[PDB]
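Chain by chain, the residues:
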Amino acid sequence: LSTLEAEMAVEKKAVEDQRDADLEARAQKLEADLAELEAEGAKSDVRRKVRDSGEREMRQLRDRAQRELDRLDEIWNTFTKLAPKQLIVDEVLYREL
């Protein structure tokens, strides 16, 4: 259980490090783009719709990262509490187990 939890935590961290690194890159991109939006006189609405579209693409990035964190926690929980007669219906979870 020790080495397994250790390897699981490191993996779950590698996923978090990625999410953070990726989300800062997309934000810096939006800053560089909103800079060009004010460089050339742009309608206040046009400037904000680019932010809305940018804010929404960020939520997608964090959500997709959250889904993998939950799937990983589902694997570890299922395995530690694992007991005979338990029923597994995922089959993609089962394959990973």
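Thresholds applied
Residues numbered from 1 in each chain as written, not as in the entry; some residues may be left out. Part of a larger assembly, values for the part shown. Heavy atoms only, no water. Residues with missing side-chain atoms left out of burial classes, pairs and counts. Core = buried A, V, L, I, M, F, W, Y, C linked by side-chain atoms within 4.5 Å. Buried < 20%, exposed > 50% of the residue type's maximum accessible area, 1.4 Å probe, protein only. Helix = DSSP H or I, 4+ residues; strand = E, 2+ residues; numbered from the N terminus. Contact = heavy atoms within 4.5 Å. Patch = residues over 30% accessible without salt bridge, like charges linked within 9 Å, V, L, I, M, F, W, Y side chains within 5 Å. Areas by Shrake-Rupley, 256 points an atom, 1.4 Å probe, with all protein chains shown as cover. Salt bridge = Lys/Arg side-chain N within 4 Å of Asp/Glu carboxyl O. Polar contact = N/O pair within 3.5 Å; in protein donor to acceptor, adjacent residues only side chain to side chain.

Listed as the method for this PDB entry is X-ray crystallography; the listed resolution is 3.050 Å.

*Asks:* I'd like a rundown of the nonpolar core, residues and numbers included.
*Replies:* Listed in full, the 6 residues of the largest apolar core are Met8, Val15, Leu69, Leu72, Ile75 and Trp76. For this core, the elements supplying multiple residues, two or more each, are helix 1 (2–39) and helix 2 (44–80). Look past the residues within four positions of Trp76 in its chain and what remains in contact with it is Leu1, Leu4, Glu5 and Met8.

*Asks:* Hey, could you go over a nonpolar patch on the surface for me, with residue numbers and the actual values?
*Replies:* Among the surface-exposed residues, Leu4, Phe79, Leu82 and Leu97 lie close enough to one another that they form a single nonpolar patch of about 330 Å² accessible area. Residue position: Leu82 is located in the loop between helix 2 and helix 3 (93–96).

*Asks:* Residue-level account of the side chain of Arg26, with values.
*Replies:* Of note, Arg26 is situated in helix 1. Only 2.9 Å separates the side chain of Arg26 from the side chain of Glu57, close enough to count as a polar contact. Apart from the residues within four sequence positions on either side, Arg26 is in contact with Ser53, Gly54, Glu57, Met58 and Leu61.

*Asks:* For the pattern of salt bridges, give the residues involved together with the corresponding values.
*Replies:* A complete count under the given rule lists 8 salt bridges for this structure. Across the pair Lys13 and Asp17 runs a salt bridge, and its minimum N-O distance is 2.8 Å. Here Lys13 and its partner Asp17 are both found in helix 1, 4 residues apart, which amounts to about one turn of the helix. The class for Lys13 is partly exposed, based on a relative accessible area of 48%. Here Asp20 and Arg19 are joined by a salt bridge, their closest N and O atoms 3.0 Å apart. On the basis of relative accessibility, which here comes to 40%, the residue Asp20 falls in the partly exposed class.

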